[PDB]
4 protein chains.
Amino acid sequence: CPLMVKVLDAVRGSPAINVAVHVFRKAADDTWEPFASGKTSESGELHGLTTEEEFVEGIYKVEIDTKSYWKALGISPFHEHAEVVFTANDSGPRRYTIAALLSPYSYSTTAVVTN
Amino acid sequence: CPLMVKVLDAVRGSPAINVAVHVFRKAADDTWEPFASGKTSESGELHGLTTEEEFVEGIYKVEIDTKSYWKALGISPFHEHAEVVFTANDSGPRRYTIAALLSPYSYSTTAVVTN
Amino acid sequence: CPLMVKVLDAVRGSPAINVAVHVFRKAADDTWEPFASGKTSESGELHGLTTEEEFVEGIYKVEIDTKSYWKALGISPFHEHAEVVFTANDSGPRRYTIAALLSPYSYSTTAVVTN
Amino acid sequence: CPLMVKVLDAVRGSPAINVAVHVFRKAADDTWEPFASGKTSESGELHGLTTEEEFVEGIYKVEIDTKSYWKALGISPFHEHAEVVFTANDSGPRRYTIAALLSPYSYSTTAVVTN
Ligand SMILES: O=C(O)c1ccccc1Nc1cc(Cl)c(OCCCCCCCOc2c(Cl)cc(Nc3ccccc3C(=O)O)cc2Cl)c(Cl)c1
């Protein structure tokens with residue numbers, strides 16, 4: 001799997017389950033084209049977004065729908081979403097894990113990139 | 001100052017100096033319209049972005065140009081930029097500080113909302 | 001102020017007010033000896049912990065009493081406290097700010113070392 | 001596995017490999033007794049520290065030897081180690097993952113606690 005997303009909840013100390021994730025790829029006309037989407041599992045993970053064939057060199061945006069998640073838990077958070085924007089595969093094919101750790105007024109994101 | 005931005009460097013243990021910051025507001029036609037911008041100071045801070053008069057309720061995006069910062073340091077980074085997207089909500093006196101802590105393959109952002 | 005502590009609350013998007021902070025220095029017999037302490041202010045800050053004269057090179061521990069903070073808010077937390085352990089090193093004018101960002105099941109700490 | 005540690009490197013965007021981890025348990029005399037230790041794998045993970053039988057209710061400290069890690073990469077970091085102190089199993093047996101994300105002058109730690 002070349003692109004995986006993992007989301008964790010810093011309030012509950014749990015995976016963040018059923019979080020919507022949308023991936024976009026920047027097109028030649030500078031617009032963000034829909035690329036893939038899904039929801040995190042019971043483990044906070046989202047796999048199977050793309051294939052090595054389709055995940056070509058480009059600029060990608062991973063939008064994680066954090067506000068919808070918090071609101072479903074009774075919390076009015078600060079952010080609309082977390083957005084992770086990066087160039088992928090520009091020094092050859094890599095496997096990318098995009099991890100996010102969520103709180104109501106903060107989040108962090110890291111990437112783990114491997115061969 | 002209803003809106004301040006503060007950027008810190010987790011590699012050097014320092015303010016992140018001379019980082020470009022762009023603020024956008026969501027318009028009517030769902031377009032991100034430029035709103036304010038600047039470069040962080042020697043203290044990693046950016047003040048004077050807007051006024052209480054202009055900073056009305058709405059959806060805002062703060063783009064922090066992290067990739068160019070790391071390139072200036074000779075360090076290969078992951079993200080193109082950090083994007084912080086939020087709704088400004090009245091209901092009383094509020095000042096917003098958007099803080100970001102930067103590493104090459106990670107960032108963190110929090111909002112400190114006070115009065 | 002050669003040593004400041006700043007604590008922020010990632011759930012409320014606010015300074016973490018009235019948090020107990022204890023600082024220790026490593027002695028000769030490898031015992032943590034109390035050095036300084038206080039409670040964070042309304043701005044989440046704790047100043048006046050020590051003087052340039054007393055804050056010599058050595059190994060220091062800053063203990064931030066996070067569990068009691070979350071208990072005061074009625075929120076079940078994971079950690080007993082956050083502990084920040086570091087060597088203070090001269091070689092020129094240096095001021096240390098130990099920042100912490102708190103969530104119930106997570107914390108983050110950075111050092112901003114300036115002159 | 002009731003206790004797992006995962007460590008990631010925010011500079012390289014990689015697991016933090018070969019990081020020493022020491023676990024202590026607070027004894028009746030208020031002293032920290034050695035409990036378990038190991039080093040992170042190629043995946044940044046450390047499994048097999050303990051068993052459900054031996055991992056009883058108590059206050060535990062997980063010390064992650066971050067300074068040794070950074071120094072081996074040519075970096076002089078701020079912290080001596082990251083310390084994670086928590087009560088375990090005080091509302092019945094749980095599975096704990098202690099995750100840490102490391103930078104030279106910052107780290108974060110979260111816990112994922114499951115049934
Ligand atoms: O990644 C995996 O693969 C993974 C998989 C499974 C499990 C775990 C996995 N890892 C993993 C682990 C973790 Cl801990 C993780 O979270 C990373 C959390 C990063 C913490 C956020 C850092 C907060 O920064 C700060 C801090 Cl300290 C202070 C401040 N304030 C100030 C500091 C100084 C001066 C002024 C201020 C201010 O405010 O005016 C602002 C910020 Cl912005 C992630 Cl995203 C993935």
# chains A, B, ... in the order shown; residues from 1 in each chain; ligands from 1

call {"tool": "residues_around", "arguments": {"residues": "range 79-87 of chain A", "least_positions_apart": "2", "cutoff": "9 Å", "atoms": "only C-alpha atoms", "output": "ChimeraX atom specification"}}
result
/A:57-68,77,89-90,98,100,102,104-109 /B:59,78-87,111

call {"tool": "write_last_selection", "arguments": {"atoms": "C-alpha atoms", "output": "compact mmCIF listing (two decimals), in the first residue's frame"}}
result
# COMPACT_ATOMS: atom_id res chain seq x y z
CA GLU A 57 4.65 11.92 -8.93
CA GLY A 58 2.67 15.01 -7.95
CA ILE A 59 1.53 17.39 -5.27
CA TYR A 60 -1.13 15.78 -3.05
CA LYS A 61 -3.44 17.13 -0.36
CA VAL A 62 -4.84 14.89 2.37
CA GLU A 63 -7.83 16.49 4.06
CA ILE A 64 -8.84 14.90 7.36
CA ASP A 65 -12.34 15.92 8.45
CA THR A 66 -11.59 16.65 12.08
CA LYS A 67 -14.48 19.04 12.79
CA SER A 68 -17.11 16.42 11.89
CA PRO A 77 -13.35 22.28 17.84
CA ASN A 89 7.28 10.17 -5.46
CA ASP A 90 9.58 12.93 -6.68
CA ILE A 98 0.35 10.18 7.03
CA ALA A 100 -2.42 12.77 12.64
CA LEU A 102 -6.07 15.28 17.16
CA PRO A 104 -10.06 20.01 19.92
CA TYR A 105 -7.79 23.08 19.50
CA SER A 106 -4.64 21.44 18.15
CA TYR A 107 -3.37 18.77 15.87
CA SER A 108 -0.14 17.38 14.71
CA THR A 109 0.77 15.53 11.64
CA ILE B 59 -13.75 30.71 7.58
CA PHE B 78 7.99 16.70 3.63
CA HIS B 79 5.22 19.29 3.49
CA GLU B 80 4.76 22.03 0.94
CA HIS B 81 3.29 24.22 3.64
CA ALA B 82 1.26 23.98 6.80
CA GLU B 83 -2.40 24.96 6.41
CA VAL B 84 -4.57 25.96 9.36
CA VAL B 85 -8.27 26.25 8.52
CA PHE B 86 -10.78 27.50 11.08
CA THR B 87 -14.01 29.42 11.66
CA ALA B 111 -4.91 27.84 18.67

call {"tool": "interface_residues", "arguments": {"of": "chain C", "to": "chain B", "cutoff": "12 Å", "atoms": "only C-alpha atoms", "output": "MDAnalysis selection string"}}
result
chainID C and resid 7:16 42:44 94:103 107:115

call {"tool": "write_last_selection", "arguments": {"atoms": "C-alpha atoms", "output": "PDB file, in the first residue's frame"}}
result
ATOM      1  CA  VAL C   7       1.858  25.622  29.411  1.00  0.00           C
ATOM      2  CA  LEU C   8      -1.049  25.480  26.946  1.00  0.00           C
ATOM      3  CA  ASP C   9      -4.296  23.467  26.939  1.00  0.00           C
ATOM      4  CA  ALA C  10      -5.108  21.762  23.636  1.00  0.00           C
ATOM      5  CA  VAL C  11      -8.699  20.888  24.677  1.00  0.00           C
ATOM      6  CA  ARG C  12      -9.787  24.402  25.615  1.00  0.00           C
ATOM      7  CA  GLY C  13      -7.462  26.360  23.321  1.00  0.00           C
ATOM      8  CA  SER C  14      -6.182  28.381  26.221  1.00  0.00           C
ATOM      9  CA  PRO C  15      -3.273  28.907  28.551  1.00  0.00           C
ATOM     10  CA  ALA C  16      -3.142  26.160  31.160  1.00  0.00           C
ATOM     11  CA  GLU C  42      -3.447  33.361  33.841  1.00  0.00           C
ATOM     12  CA  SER C  43      -1.220  33.505  30.731  1.00  0.00           C
ATOM     13  CA  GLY C  44      -0.032  29.934  31.344  1.00  0.00           C
ATOM     14  CA  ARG C  94      21.115  31.862  26.705  1.00  0.00           C
ATOM     15  CA  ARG C  95      17.487  32.057  27.881  1.00  0.00           C
ATOM     16  CA  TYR C  96      15.424  28.862  28.005  1.00  0.00           C
ATOM     17  CA  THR C  97      11.694  28.641  27.528  1.00  0.00           C
ATOM     18  CA  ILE C  98      10.236  25.197  28.206  1.00  0.00           C
ATOM     19  CA  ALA C  99       6.869  25.045  26.480  1.00  0.00           C
ATOM     20  CA  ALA C 100       4.282  22.302  26.933  1.00  0.00           C
ATOM     21  CA  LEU C 101       1.026  21.620  25.128  1.00  0.00           C
ATOM     22  CA  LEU C 102      -1.343  19.399  27.061  1.00  0.00           C
ATOM     23  CA  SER C 103      -4.066  16.979  26.094  1.00  0.00           C
ATOM     24  CA  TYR C 107       1.631  16.078  25.631  1.00  0.00           C
ATOM     25  CA  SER C 108       4.236  17.846  23.660  1.00  0.00           C
ATOM     26  CA  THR C 109       7.167  19.830  24.873  1.00  0.00           C
ATOM     27  CA  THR C 110       9.655  22.037  23.092  1.00  0.00           C
ATOM     28  CA  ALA C 111      12.550  24.189  24.179  1.00  0.00           C
ATOM     29  CA  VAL C 112      13.075  27.612  22.692  1.00  0.00           C
ATOM     30  CA  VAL C 113      16.647  28.660  23.505  1.00  0.00           C
ATOM     31  CA  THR C 114      17.458  32.249  22.593  1.00  0.00           C
ATOM     32  CA  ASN C 115      19.676  35.110  23.666  1.00  0.00           C
TER      33      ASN C 115
END

call {"tool": "atom_distance", "arguments": {"atom1": "atom 26 (C, counted along the ligand's line) of ligand 1", "atom2": "CA of residue 6 in chain A"}}
result
21.4 Å

call {"tool": "closest_residue", "arguments": {"among": "D:45, D:19, D:88, D:39", "to": "ligand 1", "atoms": "only C-alpha atoms and all ligand atoms"}}
result
D:45

call {"tool": "atom_distance", "arguments": {"atom1": "atom 24 (O, counted along the ligand's line) of ligand 1", "atom2": "CA of residue 40 in chain D"}}
result
24.3 Å

call {"tool": "decode", "arguments": {"residues": "range 4-115 of chain B", "atoms": "C-alpha atoms", "output": "PDB file, in the first residue's frame"}}
result
ATOM      1  CA  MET B   4      -1.310  36.629  15.671  1.00  0.00           C
ATOM      2  CA  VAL B   5       0.827  33.827  14.284  1.00  0.00           C
ATOM      3  CA  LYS B   6       3.807  32.307  16.072  1.00  0.00           C
ATOM      4  CA  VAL B   7       6.156  29.786  14.490  1.00  0.00           C
ATOM      5  CA  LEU B   8       8.817  27.707  16.264  1.00  0.00           C
ATOM      6  CA  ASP B   9      11.588  25.436  14.938  1.00  0.00           C
ATOM      7  CA  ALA B  10      11.835  22.051  16.658  1.00  0.00           C
ATOM      8  CA  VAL B  11      15.236  21.214  15.085  1.00  0.00           C
ATOM      9  CA  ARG B  12      17.062  24.345  16.214  1.00  0.00           C
ATOM     10  CA  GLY B  13      15.038  25.097  19.351  1.00  0.00           C
ATOM     11  CA  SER B  14      14.371  28.603  18.170  1.00  0.00           C
ATOM     12  CA  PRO B  15      11.778  30.915  16.723  1.00  0.00           C
ATOM     13  CA  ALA B  16      11.262  30.198  13.037  1.00  0.00           C
ATOM     14  CA  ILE B  17      12.440  33.483  11.545  1.00  0.00           C
ATOM     15  CA  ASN B  18      11.500  34.898   8.148  1.00  0.00           C
ATOM     16  CA  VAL B  19       8.812  32.325   7.396  1.00  0.00           C
ATOM     17  CA  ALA B  20       6.202  33.508   4.908  1.00  0.00           C
ATOM     18  CA  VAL B  21       2.621  33.407   6.148  1.00  0.00           C
ATOM     19  CA  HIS B  22      -0.486  33.950   4.011  1.00  0.00           C
ATOM     20  CA  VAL B  23      -4.018  34.346   5.333  1.00  0.00           C
ATOM     21  CA  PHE B  24      -7.127  33.791   3.215  1.00  0.00           C
ATOM     22  CA  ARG B  25     -10.832  34.151   3.857  1.00  0.00           C
ATOM     23  CA  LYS B  26     -13.542  32.058   2.234  1.00  0.00           C
ATOM     24  CA  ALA B  27     -15.628  34.286   0.037  1.00  0.00           C
ATOM     25  CA  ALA B  28     -19.061  33.890  -1.478  1.00  0.00           C
ATOM     26  CA  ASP B  29     -18.147  31.737  -4.485  1.00  0.00           C
ATOM     27  CA  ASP B  30     -16.207  29.288  -2.250  1.00  0.00           C
ATOM     28  CA  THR B  31     -12.911  30.768  -3.391  1.00  0.00           C
ATOM     29  CA  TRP B  32     -10.054  31.391  -0.994  1.00  0.00           C
ATOM     30  CA  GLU B  33      -9.464  35.162  -1.259  1.00  0.00           C
ATOM     31  CA  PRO B  34      -6.153  36.629  -0.039  1.00  0.00           C
ATOM     32  CA  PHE B  35      -6.704  38.493   3.209  1.00  0.00           C
ATOM     33  CA  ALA B  36      -3.319  39.290   4.815  1.00  0.00           C
ATOM     34  CA  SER B  37       0.303  38.123   4.788  1.00  0.00           C
ATOM     35  CA  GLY B  38       3.782  38.707   6.149  1.00  0.00           C
ATOM     36  CA  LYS B  39       7.020  37.170   7.320  1.00  0.00           C
ATOM     37  CA  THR B  40       7.730  36.069  10.854  1.00  0.00           C
ATOM     38  CA  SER B  41      10.016  38.303  12.914  1.00  0.00           C
ATOM     39  CA  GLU B  42      13.169  37.425  14.843  1.00  0.00           C
ATOM     40  CA  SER B  43      10.827  36.243  17.630  1.00  0.00           C
ATOM     41  CA  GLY B  44       8.988  33.956  15.196  1.00  0.00           C
ATOM     42  CA  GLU B  45       5.907  36.147  15.413  1.00  0.00           C
ATOM     43  CA  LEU B  46       3.697  37.920  12.977  1.00  0.00           C
ATOM     44  CA  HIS B  47       1.489  40.721  14.276  1.00  0.00           C
ATOM     45  CA  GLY B  48      -0.620  43.384  12.570  1.00  0.00           C
ATOM     46  CA  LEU B  49      -2.238  41.040  10.072  1.00  0.00           C
ATOM     47  CA  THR B  50      -5.667  42.554  10.522  1.00  0.00           C
ATOM     48  CA  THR B  51      -7.912  44.783  12.640  1.00  0.00           C
ATOM     49  CA  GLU B  52     -10.878  44.018  14.861  1.00  0.00           C
ATOM     50  CA  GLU B  53     -13.020  45.799  12.263  1.00  0.00           C
ATOM     51  CA  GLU B  54     -11.977  43.576   9.388  1.00  0.00           C
ATOM     52  CA  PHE B  55     -11.651  40.260  11.224  1.00  0.00           C
ATOM     53  CA  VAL B  56     -15.308  39.288  11.121  1.00  0.00           C
ATOM     54  CA  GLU B  57     -16.836  35.823  11.541  1.00  0.00           C
ATOM     55  CA  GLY B  58     -15.955  33.593   8.634  1.00  0.00           C
ATOM     56  CA  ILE B  59     -13.750  30.712   7.578  1.00  0.00           C
ATOM     57  CA  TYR B  60     -10.038  31.525   7.418  1.00  0.00           C
ATOM     58  CA  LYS B  61      -6.957  29.701   6.187  1.00  0.00           C
ATOM     59  CA  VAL B  62      -3.459  30.416   7.463  1.00  0.00           C
ATOM     60  CA  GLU B  63      -0.777  29.040   5.134  1.00  0.00           C
ATOM     61  CA  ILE B  64       2.727  28.820   6.625  1.00  0.00           C
ATOM     62  CA  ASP B  65       5.438  28.324   3.972  1.00  0.00           C
ATOM     63  CA  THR B  66       7.403  25.635   5.717  1.00  0.00           C
ATOM     64  CA  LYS B  67       9.061  24.068   2.670  1.00  0.00           C
ATOM     65  CA  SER B  68      10.918  27.262   1.798  1.00  0.00           C
ATOM     66  CA  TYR B  69      12.026  27.644   5.403  1.00  0.00           C
ATOM     67  CA  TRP B  70      13.584  24.156   5.498  1.00  0.00           C
ATOM     68  CA  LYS B  71      15.147  24.672   2.031  1.00  0.00           C
ATOM     69  CA  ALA B  72      16.839  27.812   3.358  1.00  0.00           C
ATOM     70  CA  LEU B  73      18.370  25.629   6.092  1.00  0.00           C
ATOM     71  CA  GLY B  74      19.479  22.891   3.663  1.00  0.00           C
ATOM     72  CA  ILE B  75      17.084  20.341   5.149  1.00  0.00           C
ATOM     73  CA  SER B  76      14.839  18.153   2.998  1.00  0.00           C
ATOM     74  CA  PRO B  77      11.227  18.544   4.182  1.00  0.00           C
ATOM     75  CA  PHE B  78       7.987  16.696   3.629  1.00  0.00           C
ATOM     76  CA  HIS B  79       5.218  19.287   3.491  1.00  0.00           C
ATOM     77  CA  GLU B  80       4.760  22.029   0.936  1.00  0.00           C
ATOM     78  CA  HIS B  81       3.289  24.217   3.639  1.00  0.00           C
ATOM     79  CA  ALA B  82       1.260  23.975   6.800  1.00  0.00           C
ATOM     80  CA  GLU B  83      -2.400  24.958   6.414  1.00  0.00           C
ATOM     81  CA  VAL B  84      -4.568  25.963   9.357  1.00  0.00           C
ATOM     82  CA  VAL B  85      -8.269  26.246   8.518  1.00  0.00           C
ATOM     83  CA  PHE B  86     -10.781  27.500  11.076  1.00  0.00           C
ATOM     84  CA  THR B  87     -14.007  29.424  11.658  1.00  0.00           C
ATOM     85  CA  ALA B  88     -13.713  32.704  13.557  1.00  0.00           C
ATOM     86  CA  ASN B  89     -16.696  32.953  15.933  1.00  0.00           C
ATOM     87  CA  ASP B  90     -17.785  36.012  17.924  1.00  0.00           C
ATOM     88  CA  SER B  91     -19.945  35.868  21.067  1.00  0.00           C
ATOM     89  CA  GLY B  92     -17.561  38.085  22.987  1.00  0.00           C
ATOM     90  CA  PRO B  93     -14.031  39.530  23.002  1.00  0.00           C
ATOM     91  CA  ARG B  94     -11.592  37.137  21.423  1.00  0.00           C
ATOM     92  CA  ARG B  95      -7.932  37.226  20.336  1.00  0.00           C
ATOM     93  CA  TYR B  96      -6.547  34.316  18.313  1.00  0.00           C
ATOM     94  CA  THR B  97      -2.974  33.124  18.351  1.00  0.00           C
ATOM     95  CA  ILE B  98      -2.196  30.446  15.768  1.00  0.00           C
ATOM     96  CA  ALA B  99       0.959  28.682  16.898  1.00  0.00           C
ATOM     97  CA  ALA B 100       2.967  26.215  14.825  1.00  0.00           C
ATOM     98  CA  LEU B 101       5.902  24.002  15.729  1.00  0.00           C
ATOM     99  CA  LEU B 102       7.894  22.828  12.740  1.00  0.00           C
ATOM    100  CA  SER B 103      10.011  19.797  12.011  1.00  0.00           C
ATOM    101  CA  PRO B 104      11.099  18.605   8.574  1.00  0.00           C
ATOM    102  CA  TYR B 105       8.601  15.718   8.448  1.00  0.00           C
ATOM    103  CA  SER B 106       6.047  16.929  11.009  1.00  0.00           C
ATOM    104  CA  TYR B 107       4.232  19.953  12.242  1.00  0.00           C
ATOM    105  CA  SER B 108       1.917  20.790  15.024  1.00  0.00           C
ATOM    106  CA  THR B 109      -0.477  23.651  15.318  1.00  0.00           C
ATOM    107  CA  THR B 110      -2.578  24.923  18.181  1.00  0.00           C
ATOM    108  CA  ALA B 111      -4.911  27.840  18.671  1.00  0.00           C
ATOM    109  CA  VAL B 112      -4.831  29.862  21.851  1.00  0.00           C
ATOM    110  CA  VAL B 113      -8.063  31.875  21.991  1.00  0.00           C
ATOM    111  CA  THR B 114      -8.194  34.408  24.808  1.00  0.00           C
ATOM    112  CA  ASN B 115      -9.724  37.752  25.664  1.00  0.00           C
TER     113      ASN B 115
END
